[PDB]
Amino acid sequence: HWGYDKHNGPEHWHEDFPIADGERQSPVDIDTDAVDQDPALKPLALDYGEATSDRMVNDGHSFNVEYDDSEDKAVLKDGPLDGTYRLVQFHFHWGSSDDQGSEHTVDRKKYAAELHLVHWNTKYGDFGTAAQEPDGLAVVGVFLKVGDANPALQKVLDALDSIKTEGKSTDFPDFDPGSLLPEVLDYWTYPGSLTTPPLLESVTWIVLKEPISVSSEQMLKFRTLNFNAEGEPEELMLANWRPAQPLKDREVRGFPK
């Protein structure tokens, strides 16, 4: 049962999921004195106005806000991409104290948490087919910097008491995922992987340069979730981040530089 504790955490994942030691694993440190420009890169296009959130679910690893991805209500295009990517869900990673918790780092700096907006390439018909392809998935990562409380985020945090344990779900309508974005969408990109098992090497990462905020009090709420199901031994989600993995000569590109 993979997790984040000392016996089942990231340093052990390679036993059941050997791709953990792969060529294109995520997250990574983004060293900003090593980032390259590429005139092929474009502005990020996030078309989220019509998005329809459905529900929030404690999956035993984090919690996911699920979207209707049966059509193009919430899509990602451009940036480094060459197709149309539908938003299926977003979730977060966070740490046990506010000084740590992001998966990506920027010149070794750790934010308090990181938002992952997970998308899949429509041409593959569904998420599972897409997850097996190098160009199949695209994840937008947004740092959460501890400081000012964030009203958009509060709406997510207000629902977490309804999904405290694994397998619980709650209705969650009308949440605009764009409300969790910075105003300007400058980004870094590189080829990588999912940051949880199965760790599949199918993700084009788009990591936004500008964090959104979170308060220290808000951060407490993330840590109240339970990894386990009702009636099982409790183990709170105090931390659920994978550390930086080796870049292995992949190119990190930046837009606009």
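Residue indices: 1-based, along the sequence shown.
Taking the mean C-alpha B-factor of each stretch as recorded, 161-169 and 107-115 are not equal, and the higher mean is that of 161-169.
Between the stretches 119-127 and 90-98, it is 119-127 that shows the larger average CA temperature factor.
Per the PDB record, 47 has a higher Cα B-factor than any other of 210, 54, 47, 29. Note on 33, 201, 66, 217: the highest value goes to 33, judged by CA B factor as recorded. Ranked by C-alpha B-factor against the other modelled residues of its chain, residue 80 falls in the middle third. Placement of the Cα temperature factor of residue 14 within the chain: middle third of the modelled residues, per the deposited record. In the deposited entry, the Cα temperature factor of residue 184 places it in the highest third of its chain's modelled residues. Per-chain ranking of the deposited C-alpha B factor places residue 206 in the lowest third.
Ranked within its chain, residue 242 lands in the lowest third, by CA B factor from the PDB record.
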